[PDB]
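When we count neighbours, we look across all protein chains shown, and the Cβ atoms used for this are built from the backbone with ideal geometry, even at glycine. Read the figures in this text as sums done on the coordinates, not as results from a lab.
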Amino acid sequence: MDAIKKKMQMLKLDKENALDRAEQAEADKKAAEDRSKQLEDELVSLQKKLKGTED
Amino acid sequence: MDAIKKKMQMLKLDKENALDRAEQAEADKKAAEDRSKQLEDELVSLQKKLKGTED
Amino acid sequence: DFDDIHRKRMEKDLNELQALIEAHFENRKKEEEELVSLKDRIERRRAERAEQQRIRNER
């Protein structure tokens, strides 16, 4: 037939598109999270040196 | 027919789950990156305050 | 998770459904074979009625 092929292929394409988009988003989320952790760690030391400077 | 409809329904359940996961991951990325950039701005303001204290 | 058991459930649903699908496929297929044999013996009947009718008409 004809309809089954096109509908099935389009739906599998939709699933694959959503999956890859989710993977890209999660990768960027993990990278941003680690960079945020770095920012926290540096900010604490910045606060400590600021406190010493103020003393 | 009979089996074809059920197979289509399976292909649609995969569609919904993949699309929902993709959207949720995208929202997670948006939230995490906003968190990181606000932390970076806080770090910048701390640098400027340290500069004023140094002056 | 709940999604895991839901997935396994719709999975076995698909399995049993495709099983019954192929099953009624086979059943209706046997029925079509029987109907084809019926058509064949039917055409045999047409030919035999034709020849005997023609013999009657000849006489």
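The set of residues in the stretch C:32-42 that are within 8 Å of the chain's Cα centre (by Cα) and either over 18 Å from B:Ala3 (Cβ atoms) or not in a helix (DSSP H, G or I) (or both) comprises C:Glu33, C:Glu34, C:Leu35.
Criterion first (within 14 Å of chain C (Cβ to nearest Cβ) and within 30 Å of C:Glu11 (Cα to Cα)) does B:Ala27 satisfy it? Explain how you work it out, then say what you get.
Values: within 14 Å of chain C (Cβ to nearest Cβ): no; within 30 Å of C:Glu11 (Cα to Cα): yes.
No.
Taken residue by residue, the stretch A:21-29 has at least one member that is crowded, with 16+ Cβ neighbours inside 10 Å and aliphatic (A, V, I, L, M). Criterion first (over 17 Å from the mean Cα position of the chain (by Cα) and among the basic types (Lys, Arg)) does B:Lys37 satisfy it? Judged against the criteria, B:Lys37 is not a match. Beta carbons closer than 7 Å, at least 6 apart along the sequence or on distinct chains, pair a first residue in the stretch A:11-24 that is at the interface with chain B (Cβ under 8 Å from one of its Cβ atoms) and free of Cβ contacts under 8 Å to residues at least 24 places away in the same chain with a second that is surrounded by fewer than 17 Cβ atoms within 10 Å (Cβ to Cβ) and not acidic (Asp, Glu) for A:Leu11/B:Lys12. The number of residues in the stretch A:25-54 being in contact with a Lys or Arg (Cβ under 9 Å, 6 or more places away or on another chain) and either touching a residue at least 24 places away in the same chain (Cβ under 8 Å) or more than 21 Å from B:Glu26 (Cα to Cα) (or both) comes to 1.
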